[PDB]
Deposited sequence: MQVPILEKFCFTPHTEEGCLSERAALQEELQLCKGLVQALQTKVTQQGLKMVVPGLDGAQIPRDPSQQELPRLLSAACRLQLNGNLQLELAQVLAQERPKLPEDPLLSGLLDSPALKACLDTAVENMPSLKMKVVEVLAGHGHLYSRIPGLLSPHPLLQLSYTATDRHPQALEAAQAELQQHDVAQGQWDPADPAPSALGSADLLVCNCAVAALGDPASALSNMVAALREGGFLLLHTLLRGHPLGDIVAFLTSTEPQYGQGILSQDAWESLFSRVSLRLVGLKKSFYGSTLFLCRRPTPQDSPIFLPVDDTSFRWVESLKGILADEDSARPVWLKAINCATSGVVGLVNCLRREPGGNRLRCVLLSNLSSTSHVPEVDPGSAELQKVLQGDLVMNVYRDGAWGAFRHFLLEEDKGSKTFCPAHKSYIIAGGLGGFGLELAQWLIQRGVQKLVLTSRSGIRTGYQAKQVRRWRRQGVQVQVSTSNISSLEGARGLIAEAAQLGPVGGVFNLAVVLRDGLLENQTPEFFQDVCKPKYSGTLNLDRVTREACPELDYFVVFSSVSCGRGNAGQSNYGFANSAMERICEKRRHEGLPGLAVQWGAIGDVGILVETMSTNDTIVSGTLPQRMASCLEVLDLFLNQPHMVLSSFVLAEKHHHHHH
């Protein structure tokens, strides 16, 4: 049986502080290191404590143990955390193509080769070129086995000098200089910038002076350890723009920077109009093949806008590199809504970063990011309650119905606009009824408030509504050039409107609701060419679930990859799509058990082709 990649999808601020605070081991090791340093002036077997104690016994000691030091948990803490992935994925999302050329500076003591390829490897489409470099060839000798496994190329580069020609036009430069010394930082960073293509990223990991870890190390080692202000001043000096910042509770820091690109005048298009008239406008804008002006889609008046999933899909289409977006999405009504009109200081900052995804949520700018699901028992259902599957006669719908029945559901309402149309559907319904399950086939349409209200009423007769499942879908596939507002309306009706209506009706009339679940897609989460409308519709459903959960209502969006055995896509299982395999229904149903038992608002499941 195949093993899916299971992730949570979370709003992630660009700037995060106090990272790794939950980790007891690091908090415990820091306290110890602080005590040892205090002793010199006046877990325990980790490299930094062992080194300090040796100092307590007393350069010869320090020099000997230096290669071992970067792998100390405190020194490597941010690196073995979701902060690293967040930064990398931001870079990836802002690449003009599926290729990313990566060069590691001072790899000998940096050790990013043992993390970055492996973190990006589960990406099904990404073409990674990774070169580990250092000043001396001897520096990378002990890592050869690791480098070989990950297909990491090698290079000679002392950052005090300009980069060799081979390493230039890089998309991403990475450096862990927590232990490794850059030498003169200004000169080092200057050469690093030159090695980047315009729009390329720099990812620096380091220790901050004026914070415990950095101060502890600086003491031990008496160029050098720098303050945060010093680093940020250096970035400005070499024309780098800081677009990401992750700081641990002990003062280790990931700086994500970007080399700017000369910017043509941006085109602003509001995508809030309910009639989808902006579609026609956007088609005209993209139709200009010659134009290199970036296209900035603005969602400002609707927190449930699907612009994010829209953008993901349009980025995969011709002229997609031009696309950017801004989304204002407060979960709290009390939160301030910033002004992002063209004159504004808030908008200027965003334009300077030039990031594809700019989402404002409750006081912070950031973007939605994927993270490996930590959680990695079978659920059961209240047998007296009624359960509703919109699109319940479909491929996934019939399997979900079976699944629910297995878990005790006796009362089901399956909605479909045109009712039973296949022999398979007819047989399953009859069989379930024979088994004693109350199964109602409804034509009530959640696309309208009236239809949503009638549907709940129909379910309420069988029993109180315990669960709603939105599997309704209508597809209007095609590149944006061949799209229309009407087609956008058709695709959004079962999903955006359906979920808005279900949200409202269940709020008003379903106080015993335990489950509110929508089936999203990787088309929204990752992007699929020719499905921008579908990307939008799904994205909007996710936004709604998030708002609900903030208010303490049930809400869950599942981003499914290709589904096997049954469904639109199969209508097969061995058919590779975008480096992924269709997930066998049996695998899907096991994942659902896990997902229903989950605190997170938006989840993701897909299967990688080996």
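The chain's deposited sequence has unresolved stretches at 43-64, 81-90, 255-260, 415-416, 612-614, 654-660, with no C-alpha coordinates there.
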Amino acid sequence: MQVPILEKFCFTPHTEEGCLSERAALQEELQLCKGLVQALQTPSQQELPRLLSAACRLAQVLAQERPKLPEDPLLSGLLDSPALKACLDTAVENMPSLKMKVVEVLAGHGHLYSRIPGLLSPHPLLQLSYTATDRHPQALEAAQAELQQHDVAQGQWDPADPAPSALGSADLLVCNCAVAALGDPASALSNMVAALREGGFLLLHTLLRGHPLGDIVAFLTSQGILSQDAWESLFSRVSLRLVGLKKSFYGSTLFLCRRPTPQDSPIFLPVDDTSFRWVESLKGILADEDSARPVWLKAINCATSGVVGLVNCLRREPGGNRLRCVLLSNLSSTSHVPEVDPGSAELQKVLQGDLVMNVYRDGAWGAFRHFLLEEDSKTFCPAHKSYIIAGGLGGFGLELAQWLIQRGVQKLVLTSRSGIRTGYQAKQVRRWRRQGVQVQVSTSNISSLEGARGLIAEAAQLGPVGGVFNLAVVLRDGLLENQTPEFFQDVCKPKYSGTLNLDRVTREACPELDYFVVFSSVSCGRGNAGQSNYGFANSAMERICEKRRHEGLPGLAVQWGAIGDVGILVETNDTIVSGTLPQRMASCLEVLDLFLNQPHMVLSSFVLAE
From here on, numbers count along this sequence of modelled residues.
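Taking the mean C-alpha B-factor of each stretch as recorded, 355-363 and 137-145 are not equal, and the higher mean is that of 137-145. For the two regions 521-529 and 267-275, the entry's Cα B-factors average higher over 267-275. The PDB entry assigns its highest CA temperature factor, among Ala562, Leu556, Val566, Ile544, to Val566. Across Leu234, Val340, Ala390, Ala537, the greatest Cα temperature factor reported in the deposited entry is at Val340. In this PDB entry, the Cα temperature factor of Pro262 sits in the top third of its chain's modelled residues, the highest group.
When the CA B factors of the chain's modelled residues are split into thirds, the value for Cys19 lands in the middle one. For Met585, the recorded CA B-factor ranks within the lowest third of the chain. Only modelled residues enter the ranking. Per the PDB record, residue ranking by Cα B-factor puts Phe219 in the highest third of the chain. When the CA B factors of the chain's modelled residues are split into thirds, the value for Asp184 lands in the highest one.
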